[PDB]
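Chain residues, written in single-letter form:
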Amino acid sequence: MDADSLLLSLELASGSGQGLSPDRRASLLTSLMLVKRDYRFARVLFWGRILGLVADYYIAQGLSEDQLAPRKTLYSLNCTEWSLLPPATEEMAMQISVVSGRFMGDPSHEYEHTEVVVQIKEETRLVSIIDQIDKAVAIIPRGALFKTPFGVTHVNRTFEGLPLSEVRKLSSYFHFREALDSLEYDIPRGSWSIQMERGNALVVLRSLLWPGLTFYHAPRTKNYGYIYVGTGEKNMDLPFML
Amino acid sequence: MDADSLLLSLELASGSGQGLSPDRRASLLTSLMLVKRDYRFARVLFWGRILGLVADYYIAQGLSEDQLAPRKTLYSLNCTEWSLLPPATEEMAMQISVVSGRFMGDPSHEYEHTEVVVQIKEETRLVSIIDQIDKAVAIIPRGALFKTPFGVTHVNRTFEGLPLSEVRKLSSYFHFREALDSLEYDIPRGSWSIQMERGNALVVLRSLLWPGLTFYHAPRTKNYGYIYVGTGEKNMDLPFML
Amino acid sequence: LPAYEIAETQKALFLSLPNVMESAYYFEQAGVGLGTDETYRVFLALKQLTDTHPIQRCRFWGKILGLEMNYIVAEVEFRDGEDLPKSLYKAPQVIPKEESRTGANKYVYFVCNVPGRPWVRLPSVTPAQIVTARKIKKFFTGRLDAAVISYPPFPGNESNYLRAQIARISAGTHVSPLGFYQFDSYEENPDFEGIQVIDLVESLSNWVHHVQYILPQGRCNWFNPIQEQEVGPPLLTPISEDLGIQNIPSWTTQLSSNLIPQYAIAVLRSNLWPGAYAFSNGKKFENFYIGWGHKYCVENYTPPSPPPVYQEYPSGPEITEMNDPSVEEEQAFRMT
Amino acid sequence: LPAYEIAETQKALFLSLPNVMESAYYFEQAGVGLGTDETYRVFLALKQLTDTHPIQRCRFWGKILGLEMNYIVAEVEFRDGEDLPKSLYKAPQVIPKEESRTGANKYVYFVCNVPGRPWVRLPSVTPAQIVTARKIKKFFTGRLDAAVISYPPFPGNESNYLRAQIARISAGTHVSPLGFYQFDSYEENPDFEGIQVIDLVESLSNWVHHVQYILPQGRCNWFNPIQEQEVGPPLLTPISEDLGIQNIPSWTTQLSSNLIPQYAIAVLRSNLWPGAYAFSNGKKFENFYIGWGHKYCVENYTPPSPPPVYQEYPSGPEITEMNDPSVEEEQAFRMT
Amino acid sequence: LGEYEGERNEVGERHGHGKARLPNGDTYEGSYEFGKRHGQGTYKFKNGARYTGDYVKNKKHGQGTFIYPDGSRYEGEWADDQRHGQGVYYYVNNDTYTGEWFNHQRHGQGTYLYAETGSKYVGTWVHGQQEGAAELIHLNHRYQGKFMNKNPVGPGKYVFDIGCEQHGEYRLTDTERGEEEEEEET
Amino acid sequence: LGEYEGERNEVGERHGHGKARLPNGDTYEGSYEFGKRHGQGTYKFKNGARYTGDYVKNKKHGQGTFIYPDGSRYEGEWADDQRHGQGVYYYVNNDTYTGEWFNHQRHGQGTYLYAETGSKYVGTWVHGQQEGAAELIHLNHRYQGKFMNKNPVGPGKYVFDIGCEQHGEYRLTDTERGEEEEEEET
């Protein structure tokens, strides 16, 4: 999402199925500013929402400097209380390959596995899923992060939107994570749903690798943002459905 | 307000009460770009919603090239059929000085004006009220409009928001008419309500010469836009209220 | 930054009351209200107001506009706990308040500038120099201590003018469509059985005033100030015979659907008070004022006339006198 | 430009059906559906569909997400007017459709992409080749003529697969609270006498199914195709006995507007089908689905096992042939 | 009848500081000159009225203080038993009229200050009536205009403390006036 | 006991294209070479089975088409009354199995085309069963992996016509499969 003008950045945006509500809207509008006040963040944006089974997660991603570091992730059972999440590594990314169940929505709930009986926390699996999503299907438009000679590439103020000749072009959208950035040369090459909701005023890219991620972008105004209202599953039957 | 994707600036936004509505938002969202397709308009702004007596007016103004000019105006009870208003001048502004009542919702309503049984039109009074509002209390921020060397005074794309030093004062807000253009030098010098609705994200400038005009602006993004949801009466009790 | 200090006091919101949300969706359909997030902010402000005060029935009254800061007003009711001759011309019959919860002060109006800041309770307005000061119109500053003044001597510091304007607006723009609030006091009708929406559109004789009417003497009841009475429209009278200018209809009635006759809500609007709205979809109802707390006339606002100048004493036999008790009569009074 | 072309076809919108806005407002509060600019365009699309077809009731079924364009779905119900031994292996009992308005074709599902575009009527689904082909899982490209392919030969051109997925969602997840649709067909209870929102959260047995479950045969009613006998959950059963895995519940329940206890609408989210939501407040309800038209599995979806290969003819006394007769048999037959 | 316990210095009439008692009940303590009431003197009536002031040429003329029996009083210049000159009138509602009088009526640049309200009428008076070229100063604004038949009827301007004036034309009645042309401070 | 009609030798067998009636009720129209049953001919049983082809070493050997009485048929090479060599089998549901045969069973490389489905099992068959190193090629994808006891149990990859493949492991249950390792075309 974004940090200012949160009305046009819809939680639904005619996409991703579910979304937020007018019970979680104003609390998030104050909570992103409270996270930006507490933690030293340059920008803060609502990442998305994990479904769960008893409660949601309301994942907000707080961004540090240089726009490329493993930036901070925050979960919240209720939107007034916010906690931290550790930065993900490779071993917690490969430890979740044996579990494929749905999210529970409980921090005390642990997932068991017989390998000697071992247990894993819900929160490390949650931040591993979030890191896999932001390293897999996190997208930005062309020119949104311009190249700097010092090497920071924080915010491009020149970029006001994409012209009408490259909206349907999938290769124009770059990625937020490192491989300037990596364009849409992904492994299925058909894992993106490009739609035009209201004329040529809003383009919606729905992630087919992770069902529930909608990236809205306006071609004339610089308003781009991705929100994941999926359940965090990584369904490996994607070319079976394509 | 704005040309396309009008939902970035809320029509109400807790500002002077009434704004737009369902049964009216999607209708005007289709009708503005339909007018832009029909009439040769570079931009088109929802000017406001004059309340009237039995029906609203739903005034929409159409921008074009060679700005800071008398622009075209359109009114419509139902937002499917639209009609163009004639260009206003000073003769109808002199002729409406004998009437001080409110508008009738039925268009082409007759007036008695017993002095001679000559009658004036409702459309010329409407476009004279729109010309009196637009020449007085229709405001533009500092970085929005700039003077071109050729003289077209088109909208600048490099807006860069508005800093904290000139978001509360009146020295940064220009007008649509000339003396580039005149800033806030209103005749009682206190005819503007400057408010911060949601933190430092939305500054709101409500007019006091006309109590229905509301101008939203964001100090970070391009959310500037004025809308007159009122009556159009020119109440001259402004120093009595101040 | 102001956003951080407003979030640190709006965080307490998300951490015997009116259904603000239901009555706000239909008002959004009518085209009046606050928005999507600010209405839930004032709803959680109402929720913070109900568990801190013994309130039996709250109501979102509305939002009176201001210059630099606004006023969000809630209409609540408490269960049991609440807050050489001398000068011959005396005081001109200073009338006190009626009671704490019966007369024009029947409703307690709490006011907050934003949903983050706590509510400020408006005092019980005296209907002698504040309600009878309805012949003024002043813009609300947004501080509640600005000490606003006008042509009459105003004994208020904008916390009484706001309460007087609230008592003026609420007494005329609170309507009920003829079915409930039956018989002074009024209680809700059990066999209301609904009503038609289009009958409320095409007829103005349905919306009746359930609240008491503000008299020109300022009160709602009669005080008998001599020891003939000034009365107007009683309770439960329709707005078809509402007072005002005869050339302008006092109430605009619109159907803000225009396409679906099946589901629609009558959208009442006051022309005397610009910004007062009221919906009634057949079973539910709500009133909502927003905007500047002022009235509207067919002409501009004029200042009131000055009082009579109290003309001086006439020169009669008690003022004029004779010349002198001279010698010609005092020399004859001795022999008399 | 395509924007002006998609704006000029929406002019027919701005010129029986269940209220969609109220449901949308509740669904929005629930956290599902569409924002309040396109869910009104589908309301006028339903109004245009109702004014062109003899529809008893036209519900907004939801919006199936797609690749190039989404599938906005209506759910209508028409009143009176509708639309040496060779080859020893025959067809394996090809089952036709049940009826016109009784079985899985009880509601006609009109599907459009944009509300400015006219509605495309989905054909009536057949059980033996489209509903029993529910073991596939395919996306939608938003064309309705693309002739999508899977592991069995699908007799459809993306309208039949969408119709089968809509039938599965409407037969497995279309739910109603306990007390509605009493006894085949069903009629709404006049003596519903309300229901508690808290009782619809802690108790999952207060949500009956009210719709016929899709059998593995494909149709909702057994019809004796041999002249075996399988039956699932019948009509008017709660969702507490739904089939699924032990570690994931079949239905979860959250409360919209959790902070305020008084005004909270129970929200039902189907674990089995993502994007399907049911909302109840106490008196009214509406089912909804949005997102990809797919069934959730605990593991990732695997393609089904192939049918077993047919065995050949076994070595018996009939397949054994006599090679040649003896010399004594051919020299003694002419004498004996 | 009347008694005079004062002094009769002259052989013709009385002279000097004397205390006379009038036959109806009035008491005059004051000096005499030319055989007549002249100089400073206090005339106390029987109904409660009083007059401490100068008597010149058989009448009230000069500095005087009249305490009227209805509660009002007047401190100022008298002439020929009529109020004429500068004078401050305290009315029964504590209203202070610090202005000019002429022949027992308000005439001149009067400064009628309202005590129950707070306004101040600084304007021309004839015959004890409001006239044109007047300034009605309130707690917030000042109305420069004309007055006729106890009401402002002329086109006048309004000067406010916010720094603006507006020139409104009053109609035939005091209610429903006209107002336009909000200007800047000159 | 049927009787042969046609040509016969004086010391040997028939040695010519003749029609013989078997004692069990079969008709064989064929030739005989080198004193044994050899050469092309058509055998026909009494129930409806048939065999048009060659007879080498007293049995079915060489090119020949058998018509089974259940509706199935089998063309191709035969050996000693067993199915061996290149052969095309058409089952009762028109399933076309073309490829190698060995000793009355499916063995070696074979292509089993489903008529009612449209999928081709191309790979190894051992003892008339589906075995490893085989691909199920459909009109949407192709699964290259191992097949055991007519089911996929080993690691295998699905290659698609969109230009990507995905690996995966099958579990101990037949209708269970975990998938990972998605790449592009090799």
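Above this text you will find the structure in question.
Cut-offs applied
- Residues numbered from 1 in each chain as written, not as in the entry; some residues may be left out.
- Chains lettered and ligands numbered in written order.
- Heavy atoms only, no water.
- Helix = DSSP H or I, 4+ residues; strand = E, 2+ residues; numbered from the N terminus.
- Buried < 20%, exposed > 50% of the residue type's maximum accessible area, 1.4 Å probe, protein only.
- Contact = heavy atoms within 4.5 Å.
- Rg over C-alpha atoms; globule rule 2.2 N^0.38 Å.
- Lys, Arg positive; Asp, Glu negative; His and termini not counted.
- Charge placed at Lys NZ, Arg CZ, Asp CG, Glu CD.
- Pairing = 2+ DSSP bridges.
- Axes fitted to C-alpha atoms, helices over the stretch in contact; angles between N-to-C directions.
- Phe/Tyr/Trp six-rings, centres within 6.5 Å; stacked < 30°, edge-to-face > 60°.
- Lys NZ or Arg CZ within 6 Å of the ring centre and 35° of its normal.
- Salt bridge = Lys/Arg side-chain N within 4 Å of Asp/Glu carboxyl O.
- Polar contact = N/O pair within 3.5 Å; in protein donor to acceptor, adjacent residues only side chain to side chain.
- Nonpolar A, V, L, I, M, F, W, Y, C, P; charged D, E, K, R; others polar.
- Core = buried A, V, L, I, M, F, W, Y, C linked by side-chain atoms within 4.5 Å.

## Digging into the overall build of chain E
- For chain E, the count of helices and strands is zero helices and 17 strands.
- Oriented by its inertia axes, the alpha-carbon framework of chain E measures out at about 75 × 30 × 25 Å.
- The proportion of buried residues among the 186 residues of chain E is 46%.
- A sequence separation of at least 24 residues applies to 3% of the contacts in chain E between residues at least 6 apart.

## As for the overall build of chain C
- Scanning chain C from terminus to terminus reveals six helices and ten strands.
- Taken over the C-alpha trace, chain C has a radius of gyration of 27 Å; the compact-globule value for 336 residues is 20 Å, which it surpasses by more than 25%.
- Counting only C-alpha atoms and orienting by the principal axes, one finds that chain C spans roughly 110 × 50 × 40 Å.
- Per-residue burial over chain C gives 56% buried out of 336 residues.
- Distance between charge centres in chain C, computed from 27 positive and 37 negative side chains, equals 7 Å.

## Quick word on the sheet that holds strand β10 (residues 285–290) of chain C
All names here are of chain C.
- Here eight strands make up an open sheet; going across it, the order is β4-β3-β2-β1-β10-β9-β8-β7 and the pairing mixed. Two strands in the sheet have a free side with no partner beyond their single neighbour: β4 (120–121) and β7 (251–255).
- As paired strands, strand β1 (residues 60–64) and strand β2 (residues 71–76) are joined by four bridges and run antiparallel to one another. Across the sheet, the residue bridging to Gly62 is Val73, located in β2.
- Against the sheet, helix α4 (residues 159–170) contacts β1, β2, β3 (108–112) and β10, and its axis sits at roughly 125 degrees relative to β1.

## Observations regarding the pairing of strand β3 (residues 72–75) of chain B
Residues and elements named next belong to chain B.
- With three bridges joining them, strand β2 (residues 59–62) and β3 adopt antiparallel strand pairing. What sits directly across from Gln61, in β3, is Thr73.
- Across two bridges, the pairing between β3 and strand β4 (residues 83–84) is antiparallel. Bridge assignment links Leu74 to a residue of β4, and that residue is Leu84.

## Things to note about the packing of aromatic side chains
- Enumeration over the complete set of coordinates arrives at 114 aromatic pairs over all chains.
- Their ring planes at 45 degrees and their centres at 6.1 Å tell us that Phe78(C) and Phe110(C) sit as a pair that is tilted. You'll find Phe78(C) and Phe110(C) in the same group, each marked buried.
- For the ring pair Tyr89(E) and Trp101(E), a centre distance of 5.4 Å and an interplane angle of 35 degrees mean the geometry is tilted. Residue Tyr89(E) is located in strand β8 (residues 82–90), and its partner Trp101(E) is located in strand β9 (residues 96–101); the two are separated by twelve residues in the primary sequence.
- Residue classification places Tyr89(E) among the buried residues on the basis of a relative accessible area of 0%.
- When its relative accessible area of 2% is taken as the criterion, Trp101(E) is described as buried.
- Sitting over the face of the ring of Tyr90(E), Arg73(E) holds its NZ or CZ atom 3.8 Å from the ring centroid.

## Observations concerning the interface of chain B and chain C
- Across the contact, 44 residues belong to chain B and 47 residues belong to chain C.
- Here chain B and chain C share six salt bridges between them.
- Our count for the contact surface shared by chain B and chain C stands at 23 residue pairs in polar contact.
- Contributions of two or more residues to the side of chain B that touches chain C are made by β7 (192–196), β8 (203–207) and α4 (238–241) of chain B.
- Of the residues belonging to the side of chain B that touches chain C, the class tally is 18 nonpolar, 14 polar and twelve charged.

## Focus: the nonpolar core
- Counting 145 residues, the largest nonpolar core has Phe46(B), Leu126(B), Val76(C), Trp119(C), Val76(D) and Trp119(D) as the members making the most contacts within it.
- Tallying contributions element by element places helix α3 (residues 38–50) of chain C first for this core, with seven residues.
- Not counting residues within four places of it along the chain, the set of residues in contact with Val76(C) comprises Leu49(C), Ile55(C), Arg57(C), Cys58(C), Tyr107(C), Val108(C) and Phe110(C).
- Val73(D), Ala266(D), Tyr4(F) and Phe66(F) belong to the second largest nonpolar core, which has 78 residues in total.

## Observations concerning the pattern of salt bridges
- For the coordinates displayed, the defined rule picks out 64 salt bridges over all chains.
- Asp38(A) is the salt-bridge partner of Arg37(A), the closest N and O atoms lying 2.8 Å from each other.
- When its relative accessible area of 48% is taken as the criterion, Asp38(A) is described as partly exposed.
- Several salt bridges share partner residues, and in doing so they unite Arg198(A), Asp37(D), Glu38(D) and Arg41(D) into one network.

## Considerations on the interface of chain B and chain D
- Tallying the contact residues gives 13 residues for chain B and twelve residues for chain D.
- Its salt-bridge partner being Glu8(D), residue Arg37(B) comes within 2.9 Å of it at the nearest N-O pair.
- Counting across the chain B and chain D interface gives four residue pairs in polar contact.
- For the side of chain B that touches chain D, a count of residues per class yields six nonpolar, three polar and four charged.

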